[PDB]
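*Asks:* Read in order, the letters of the sequence shown are residues 500 to 572 in the deposited numbering. In this text, a Cβ means the ideal position worked out from N, Cα and C, and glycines have one as well.
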Amino acid sequence: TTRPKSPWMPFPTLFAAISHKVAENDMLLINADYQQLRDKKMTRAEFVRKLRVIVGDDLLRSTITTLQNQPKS
Numbered sequence: 500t501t502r503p504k505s506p507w508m509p510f511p512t513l514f515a516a517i518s519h520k521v522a523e524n525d526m527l528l529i530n531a532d533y534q535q536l537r538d539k540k541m542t543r544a545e546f547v548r549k550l551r552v553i554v555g556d557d558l559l560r561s562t563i564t565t566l567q568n569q570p571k572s
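1) For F514, report the span of its alpha helix (DSSP H) as first-last.
2) Can you name the start and end residues of the alpha helix (DSSP H) that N524 belongs to?
3) So what's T565 in DSSP terms, helix, strand or just coil?
4) Could you check whether the Cβ of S505 sits closer than 7 Å to any heavy atom belonging to the ligand COA?
5) Count the C-beta pairs between the segment 531-546 and the segment 554-567 that are closer than 8 Å, then say yes if the count reaches three, no if not.
6) Pull up the distance between the alpha-carbon of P509 and that of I517, whole angstroms please.
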């Protein structure tokens, strides 16, 4: 009930890929944007735009490449 342990990470696969390639402070802003997205206070296009700005194209490509080589389902 308090601080539960689960094999699956609460954060999504996309976030996990970026998290391992980005600073924790930077993720704070990303996480904040995510809350806005969940609250529908942010447009999805805006989220992607901001996400791309935060991660950078050089990181987005790496994330995309990782996702392509991700044989999990």
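*Replies:* Reading off the structure:
1) For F514, the uninterrupted alpha helix (DSSP H) run begins and ends at 512-518, by DSSP.
2) Element bounds for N524: 523-537.
3) Per DSSP, reduced to three states, the secondary structure at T565 is helical.
4) This structure does not include the ligand COA; it has no bound ligands of any sort.
5) At 8 Å Cβ cutoff, the stretches do not touch.
6) If you take the alpha carbons of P509 and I517, they lie about 14 Å apart.
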